[PDB]
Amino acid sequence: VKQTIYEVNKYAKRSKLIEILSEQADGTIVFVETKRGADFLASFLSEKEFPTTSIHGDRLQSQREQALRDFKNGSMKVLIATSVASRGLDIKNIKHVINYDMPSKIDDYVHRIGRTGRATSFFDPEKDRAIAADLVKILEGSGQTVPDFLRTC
């Protein structure tokens, strides 16, 4: 899996995501930290003409399944899922995984990117410092370039 890590401040993430989706959006899963963040982003992206659905912990099982079916059938080009509700998701062969919010555990990073291939992550230097060393090890293990900002943590 081709992995790219960008250094992105918290409130610059939305613009960076839109820049990426504008290049190519189809079959993208975006992982975020909170349920409210997931619905906010799905609403915002949908208004920007990227049909986007969401999955999070407040959703009943039938609703999660429907959202997933919409993503699978093509009616929703983008799926936003929480860090937590991501662990149980059964979906693979994703075109693009985007970690809008970095996971707190490296096992989640490995699992998330195992769903695609192409994975892009936004590293917030004021939030994600603790996972940097583990991320470096995964990038190295995957034969991927390691950006300097990760090593300087």
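Residue numbers run from 1 along the displayed sequence.
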query: Looking at the deposited sequence, how many residues between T116 and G117 were given no coordinates in the entry: none, 1 to 3, 4 to 9, or 10 or more?
result: 4 to 9
- request: Output the stretch having the higher mean C-alpha B factor in the entry; the candidates are 88-96 and 50-58.
  value: 88-96
- request: Report the stretch with the higher mean CA temperature factor, choosing between 104-112 and 38-46 on the basis of the entry.
  value: 104-112
- request: Grab the CA temperature factor for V146 from the record and place it in the lowest, middle or highest third of its chain.
  value: middle
message: Using only modelled residues of the chain, where does the Cα B factor of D70 rank: lowest third, middle third or highest third?
response: lowest
- line: Of the three thirds of Cα B-factor ranks in this chain, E126 occupies the middle
